[PDB]
Ligand SMILES: Nc1nc2c(ncn2[C@@H]2O[C@H](COP(=O)(O)OP(=O)(O)O)[C@@H](O)[C@H]2O)c(=O)[nH]1
Ligand SMILES: COC(=O)Nc1nc2ccc(C(=O)c3ccccc3)cc2[nH]1
Ligand SMILES: [Ca+2]
Ligand SMILES: [Mg+2]
Ligand SMILES: [Mg+2]
């Protein structure tokens, strides 16, 4: 029945994950008690993809993970806190101290088996498991360190299941600690090996969008998260609602990932949130760099593949025409050796508070700008071995950092190979 | 994780030993300092016996 199993690790992961379930629970007519109260059977046609059916109640197939209880205690008392299965809250007490080694090797190792037990119980009750999705940040310790540990354990036990991630990349503009480039560099290599899709959500881009476009003088993490939950809703629209597409995770990945390591996507959304947008405006916005959440200029690279889903009632002859006009405008920014690498899909159901919207999924080589940014911040500290004691104190060796640095530089050069090809 | 356990245990071990050696070295030094002081005072007591003996002879 094409089930998906959702995991959210750490502070960031649980806070964007909670908002994701709030958004789609509303789209599917599920209330904070898990009871259906919608006006269309389309809301329920693919409800099983993300929800288990209990007293006619729908329970998210979601596992909430953290190494400290704070953020999950806040989720349990949040708006939709009661719909999550209580047994799927798996948390420790010591915290991860924004330390990848604590999440990946010490504190996280003590908790990981417990998480996998819940993952197994959820996977066992799946008629046909599509795969997994993980929400997390790469700049902390739990989501980054333990999240990538979980991904490695899940691939060992489920090697033939898709693993996709929504990964929040750190930025000095929106930063908690200076060690974030260390944690992100260590995590990226894990994702290079063990995920089929990784949506690169850059906090720098989310901030710039909140400040310059949405005119929010002082964005909060909550403001950044409204952009993420909205993007996640769109990216999963074709899996959750009937329409043109009925592809599972594997088929979606096959047509988007031409090379196994270049699976890091630049997501986008339009309209950025009374005048309903025209189709030309939706199309022009979702290709504008200002609507992209990776803080990479697509004009500095080339698209390997592009997928875009349009939601709402609209003329699709008009969308096809506009997609042609924007491709002509950006003709030199698409590789010429993957024919017909720009695909479009439709869903009649729009998201809440919008008559129509569009979600952009780009597999662009410009994403190398993000990895180069992280690599430069990494090296700035690693030249002087600054703040390394937090990691060597947990058993890590200098060599592991040198290898992560080289792996990052190899990833960047592989993108530059296909940007010139 | 084994390396982390080994480093913490080795730090605990070397501190326990470094302290045990400092506290014993200090005990010996203080005991020697006080022993030398008294030995000088006993030497004076002996010198006082010689003085009182030297008086008796003159009588
Ligand atoms: N978008 C977003 N980013 C967050 C949030 N909380 C923390 N971050 C980012 O995540 C990183 C800190 O990781 P965090 O999730 O707090 O650490 P963890 O709990 O150990 O996984 C930093 O780069 C923060 O900018 C959040 O609610 N939203
Ligand atoms: C839980 O993780 C995911 O949702 N992964 C994921 N990968 C995707 C790739 C493409 C699309 C589309 O909407 C689409 C639009 C037009 C043509 C073809 C596809 C949706 C995806 N969702
Ligand atoms: Ca412990
Ligand atoms: Mg935090
Ligand atoms: Mg066990």
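When we count neighbours, we look across all protein chains shown, and the Cβ atoms used for this are built from the backbone with ideal geometry, even at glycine. Laboratory data are not the source of any read-out in this text; all were calculated from the coordinates shown.
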* Out of all DSSP beta bridges with both ends in the stretch A:24-94, state the antiparallel percent to the nearest 5. => 60 percent
* **B:30, A:61 arranged by Cβ crowding within 10 Å, fewest neighbours leading** => B:30, A:61
* MRE, 222 nm, helices only [DSSP H, n ≥ 4, -39500 (n - 2.57), over chain A, to nearest 500] -> -12500 deg cm²/dmol
* Structure fact -> Shape call for the stretch A:264-368, from the Cα gyration tensor axes a ≥ b ≥ c (a/c under 1.5 means rounded, otherwise prolate when a/b beats b/c, else oblate), comes out prolate
* Structure fact -> Per its Cα gyration tensor (rounded if a/c is under 1.5, else prolate when a/b beats b/c, else oblate), chain A is best filed as oblate
* **Euclidean distance between Cα centres, the stretch A:272-289 to the stretch A:393-420, Å** => 37 Å
* Neighbour-count ranking [beta-carbon atoms within 10 angstrom, fewest first] of A:390, A:21 -> A:390, A:21
* **C-alpha center-to-center spacing [chain B, the stretch A:352-372] in angstrom** => 77 Å
* Asked: Order of A:40, A:229 from fewest to most other C-beta atoms within 10 Å?
  -> A:40, A:229
* Structure fact -> Dividing the helical contributions, -39500 (n - 2.57) per DSSP H run of n ≥ 4, by the residues of chain B yields a 222 nm value, nearest 500 deg cm²/dmol, of -36500 deg cm²/dmol
* Between the helical axis of B:2-58 and the dominant principal axis of chain B, each derived from Cα atoms, what acute angle in degrees is found, rounded to the nearest 10? -> 0 degrees
* Structure fact -> the stretch A:3-255: antiparallel bridges as % of DSSP beta bridges, rounded to 5, reads 20 percent
* Structure fact -> Reduced to Cα centres, the span from the stretch A:302-349 to the stretch A:184-219 in Å works out to 23 Å
* Convex hull of the stretch A:369-420 built on C-alpha atoms - directionally averaged projected area, nm² -> 3.8 nm²
* Restricting to the protein assembly as shown, what percent of DSSP beta bridges are antiparallel, rounded to 5? -> 40 percent
